[PDB]
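Trainee: quick one, structure for this:
(chains A, B, C and D, ligands or ions: 1)
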Amino acid sequence: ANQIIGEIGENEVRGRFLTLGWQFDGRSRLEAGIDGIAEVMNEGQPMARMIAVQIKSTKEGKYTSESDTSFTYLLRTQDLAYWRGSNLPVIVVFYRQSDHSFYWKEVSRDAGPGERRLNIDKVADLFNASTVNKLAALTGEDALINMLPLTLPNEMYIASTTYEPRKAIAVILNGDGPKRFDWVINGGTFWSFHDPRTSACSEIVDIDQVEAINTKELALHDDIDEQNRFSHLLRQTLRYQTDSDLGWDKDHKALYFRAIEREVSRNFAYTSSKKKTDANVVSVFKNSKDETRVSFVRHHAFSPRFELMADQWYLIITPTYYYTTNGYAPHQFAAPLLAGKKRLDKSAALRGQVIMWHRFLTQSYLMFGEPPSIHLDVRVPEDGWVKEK
Amino acid sequence: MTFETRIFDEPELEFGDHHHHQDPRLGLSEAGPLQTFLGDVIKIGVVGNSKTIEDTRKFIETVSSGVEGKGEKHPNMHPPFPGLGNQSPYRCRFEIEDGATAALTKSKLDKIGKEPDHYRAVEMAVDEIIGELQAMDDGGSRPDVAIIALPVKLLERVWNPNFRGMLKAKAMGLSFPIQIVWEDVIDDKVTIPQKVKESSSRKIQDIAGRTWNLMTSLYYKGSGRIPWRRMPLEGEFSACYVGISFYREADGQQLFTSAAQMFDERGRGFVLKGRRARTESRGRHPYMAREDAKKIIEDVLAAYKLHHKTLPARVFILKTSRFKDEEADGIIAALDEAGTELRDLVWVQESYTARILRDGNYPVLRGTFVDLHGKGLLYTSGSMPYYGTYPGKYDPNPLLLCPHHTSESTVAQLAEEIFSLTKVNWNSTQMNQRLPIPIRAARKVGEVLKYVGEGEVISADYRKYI
RNA sequence: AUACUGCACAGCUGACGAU
DNA sequence: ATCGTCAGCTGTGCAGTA
Ligand SMILES: [Mg+2]
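Mentor: Numbering: from 1, shown residues only, chains lettered A, B, ... in the order given. Here you go:
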């Protein structure tokens, strides 16, 4: 089948050639590579001496990277070396069965090897009555990362006390003082950012064994268990100095907001420099039909992981969503909704979150700096795409 | 700021006839495979029920005559398949001879669909298929590559214990590799559900990508010659790449270690051998011992000195787990016993919660490298200025490269060279590959090697694994 | 299992601190 | 043989193929 399409392509390309003269012989079946020999007619007499022509025919179907304006063809270097060592110019044509697209391309014989990657072009490259003699005369954007450089205070506090943490929690909930969440006990040592003796939490610590130590001594070390205890202390501290408009859920380690204003959404406008934080931080959604039944009231929370780099500590932000059906009860089912919202939001929602949180939300003992900024050598050309939501 | 950001370019892939391009699809459609096949015949055998065989023949007949693209939106994402004509991107053709074709009777499928015991039903289906293929192989009607096309009523029992792992483990004694095809790909009319409750059905991508991926896998399995390879630069020393991953036993919790070896051929070729050894387990830990690493390095060096008649100069080892003192000591002892002077040991971590953020509803480009004080954050998935847009939602997670302290090369050169090793695998043809082939090949080898019994044959041929 | 990405859920592993 | 702390690695499955 493909053997006859080449023969009929050669025959009709020759018919186009013989249309205005252009004396073409073709070859025998002994040929390899170059096709037959053709000439150029001059108003009824073969003024042209000789030239070489090669057929290349293909079936119905577009070429490589063909989009309404051009296409591309690649040349084998054996064939290129075959034509480069010759005594006659050669021409290359293409297929004819979609709308008879007889095109001409010529490879030169100038100094320097390499002539492949024939990139064909628009309507000025076709066999027609428009022009026939033209091939017969051969006689960045700076970005940011999601890290937070943390500046430590002056001094922490250490002590020695050997009660179990389960009993200490039960001590601090049944008591009368403030619900301080800055105390981490591990290895029998009481650790805090606030002073234990200047607190109502001194019941679970010895009075005479409270000491004040420098922050920067324990911030850097070679041990990593002390780093884990430091990170747990930082997590307790971040829970402590924010537990007024949120709570804690162990799933995804989320500090989800607590709805006490009787089902009212929260825009939480800040507008730090020009115009920002106009997106709804908390949203309210009702059921499909009945407004007495509430489907889910949703709001987003986060979870911080702390680490170190060259004795400079950092915090991370992984914001998750949280859907509460009716209130403070945990959600019966939230995996499909969380999957759907994560499928919906593009990268700008993460950008909006990192520009609206941990600098302008819950940041108004630990001082939080600006996120680091880096220079990207090549800017992503977002203006060229369709912007498909 | 102490942050140095690099944007590496898309690495080139060397195809046949000294032509290099960044896209495997257009590169194969332009210059063909790197190692040509001397001949024109790839014989295919089909095993399944009657309707699967007829739809397989119809599928081959349809896709041999060109396949249209998905649309004009992002044309490089969906290039049209050119068929097995004179424009074929393989320089060979596939035919299904009638002297070997296994049709599965409905009585046996009815007996398969009636057994309540889960294990032995899948086992007897696998064994029957293996017996049909073995009697196919013993005769004078040997095919180059076999196709197992599965029906719907078998798929409720087989799928709704693995089937691919069992079949590829029990087919390692044959002289040809096999390829599994579901009912949904061959016929666009019917479509199956999955394990959970499903009012709807599964969905697969359009027939342009299916043809490219399936037939590139079929050509590599049939001919045995590699389609493309990483283009080598001029000036660097001889090198040999090793990758290490882990897997499980599917009954216990014990972990094993897998491996894969690569080196450049003396000429125009590549080597993706496996290892005819079943490294055992030493506890459910994602870390291996030191003596087995030494044996791995000696086997690698013996293979290199057998092919090239000389030792190499550089050794690259890629691992999913963090390097330790024992493994480094074993590898270093093996290398200085052999006498190689350039070493590179890199751990790849896929769980790091740090990202590069920017506004504009789109993430950063693929190939973004940030030096995190001696570590490397690499964006092997990201935006692509060849596909038009970034295919996908949310953000692409990055991977962290952590070199050992005995490695000679710096983090930037290692990051660029690992970035050049990603888009090598011949199972796929897209560019969004976030795992380097020393890791992916080891994962494939381990996944096939899960069900292989003791005292069996393990082939170093890679065609029995993908 | 034509393939990959994103997300979700699980199980597992080595140093803590205590019965 | 249990319980918080942190740090990371394999199985199993659903959308969506932008
Ligand atoms: Mg496969």
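Trainee: only C-alpha atoms for contact and neighbour calcs from this point on.
Mentor: Fine.
Trainee: how close does the spatially closest residue to residue B:64 that is not a sequence neighbour get to residue B:22?
Mentor: Closest residue to residue B:64 apart from its sequence neighbours, by Cα to Cα, 6 or more residues apart in numbering or on different chains: residue B:83 at 4.5 Å. Residue B:83 sits at a distance of 21 Å from residue B:22 (criterion: Cα to Cα, to the nearest Å).
Trainee: of the two, who's got more company?
Mentor: Using other Cα atoms under 10 Å in any protein chain shown as the criterion, residue B:83 and residue B:22 rank with residue B:83 on top: 21 against 17.
Trainee: ok, that one - contacts?
Mentor: Applying Cα atoms under 8 Å, 6 or more residues apart in numbering or on different chains to residue B:83 gives the contacts B:63-67.
Trainee: those in strands, which ones?
Mentor: Within the contacts of residue B:83, no residue falls in strands by DSSP state E.
Trainee: nearest to chain A, of these?
Mentor: residue B:66 (7.6 Å; Cα to the nearest Cα).
Trainee: settle this for me: that closest one is touching residue B:81, isn't it.
Mentor: Yes - contact criterion Cα atoms under 8 Å: residue B:66 and residue B:81 qualify, at 5.5 Å.
Trainee: more crowded one of these two?
Mentor: residue B:81 (26 against 22).
Trainee: and residue 356, how many residues sit next to it?
Mentor: Looking at chain A here, since you left the chain open. 20.
Trainee: ah, I was thinking of chain B
Mentor: Neighbours of residue B:356 (other Cα under 10 Å): 22.
Trainee: which ones are touching it?
Mentor: A:143-146, B:363-364.
Trainee: nearest to RNA strand C among those?
Mentor: Using Cα to the nearest atom of the strand, residue B:363 is the member of the contacts of residue B:356 that lies nearest RNA strand C, at 10.7 Å.
Trainee: centre-most residue in chain A?
Mentor: residue A:347 (7.5 Å; Cα atoms, centre = their mean).
Trainee: touching, it and residue B:362? I think so.
Mentor: Yes - using Cα under 8 Å, residue A:347 is in contact with residue B:362, at 5.2 Å.
Trainee: hang on, the earlier thing: inside strands: which ones of the contacts of residue B:356?
Mentor: A:143-145.
Trainee: my guess is residue A:155 contacts residue A:213. True?
Mentor: Yes - contact criterion Cα under 8 Å: residue A:155 and residue A:213 qualify, at 5.4 Å.
Trainee: so between those two, which is more surrounded?
Mentor: For the pair residue A:155 and residue A:213, the greater number of neighbours falls to residue A:155 (17 against 13), based on other Cα under 10 Å.
Trainee: from RNA strand C, how far out is that one?
Mentor: Separation of residue A:155 from RNA strand C (Cα to the nearest atom of the strand, to the nearest Å): 21 Å.
Trainee: give me phi/psi at that residue?
Mentor: Main-chain torsions, residue A:155, degrees, to the nearest 10: phi -130, psi 140.
Trainee: OK, contacts around it?
Mentor: Counting by Cα under 8 Å, 6+ apart, residue A:155 has contacts A:193, A:212-215.
Trainee: can you list those residues in JSON lines and add distance to residue B:439 and secondary structure?
Mentor: Formatted as JSON lines, those follow (distance: Cα to Cα, whole Å; DSSP: H, G, I helix; E, B strand; the rest coil):
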{"residue": "A:193", "distance to residue B:439": "45", "secondary structure": "coil"}
{"residue": "A:212", "distance to residue B:439": "50", "secondary structure": "strand"}
{"residue": "A:213", "distance to residue B:439": "47", "secondary structure": "strand"}
{"residue": "A:214", "distance to residue B:439": "45", "secondary structure": "strand"}
{"residue": "A:215", "distance to residue B:439": "42", "secondary structure": "helix"}
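Trainee: can you select the buried ones from these in ChimeraX?
Mentor: Selecting only the buried entries of the contacts of residue A:155 in ChimeraX, with 16 or more other Cα atoms under 10 Å in any protein chain shown as the criterion:
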select /A:193
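Trainee: quick one: which of the contacts of residue A:155 is nearest residue B:456?
Mentor: The nearest member of the contacts of residue A:155 to residue B:456, counting by Cα to Cα, is residue A:215 at 61.3 Å.
Trainee: residues near residue B:120, how many?
Mentor: 12.
Trainee: which SS state does it fall under?
Mentor: Per DSSP: H, G, I helix; E, B strand; the rest coil, the secondary structure class of residue B:120 is helix.
Trainee: keeping just the C-alphas, turn stretch A:287-294 into CSV.
Mentor: Presented in CSV, the C-alpha positions along stretch A:287-294 are these (Å, rounded to 0.1, in the frame of the first residue of the first chain):
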residue,chain,number,x,y,z
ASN,A,287,-26.9,22.7,52.6
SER,A,288,-28.3,21.9,49.2
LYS,A,289,-32.0,22.6,50.0
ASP,A,290,-32.6,23.3,53.7
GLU,A,291,-31.0,26.2,55.6
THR,A,292,-31.9,24.7,58.9
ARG,A,293,-29.3,22.0,58.2
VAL,A,294,-25.8,23.4,57.8
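Trainee: so which helix or strand takes in the residue nearest to residue A:347 when sequence neighbours are not counted?
Mentor: Leaving aside its sequence neighbours, residue A:347 sits nearest to residue B:361 (Cα to Cα, 6+ apart; 4.7 Å). Following DSSP states H and E, there is no helix or strand that holds residue B:361.
Trainee: residues contacting residue B:361?
Mentor: A:346-349.
Trainee: near chain B, which residues of chain A?
Mentor: Proximity of chain A to chain B (Cα under 8 Å from any Cα of the partner chain) is limited to residues A:2, A:58, A:61, A:64-65, A:73-74, A:76-77, A:143-147, A:309-310, A:316, A:318, A:342-351, A:373-378, A:380, A:382, A:385.
Trainee: out of the residues you listed, which are buried?
Mentor: A:58, A:61, A:64-65, A:76, A:143-147, A:316, A:318, A:342, A:346-351, A:373-376, A:380, A:382.
Trainee: just those residues: which are in strands?
Mentor: Of the positions in these, A:143-145, A:147, A:316, A:373-375 sit in strands, assigned by DSSP E.
Trainee: report the two of those separated the most.
Mentor: A:316 and A:375, at 20.2 Å, using Cα to Cα across these.
Trainee: tell me the residue of the stretch 51-200 of chain A that sits nearest RNA strand C?
Mentor: For the stretch 51-200 of chain A, Cα to the nearest atom of the strand, closest residue to RNA strand C: residue A:187, 4.0 Å.
Trainee: quick check: that residue vs chain B, distance?
Mentor: 28 Å (Cα to the nearest Cα, to the nearest Å).
Trainee: same deal with residue A:110?
Mentor: Applying Cα to the nearest Cα to residue A:110 and chain B gives a distance of 22 Å.
Trainee: what's around that residue, how many residues?
Mentor: Residue A:110, neighbours per other Cα under 10 Å, totals 9.
Trainee: who does the closest residue to chain B within the stretch 1-150 of chain A bridge with?
Mentor: Chain B sits closest to residue A:145 of the stretch 1-150 of chain A, with a gap of 4.6 Å, by Cα to the nearest Cα. Applying DSSP bridges to residue A:145 gives these bridge partners: residue B:356.
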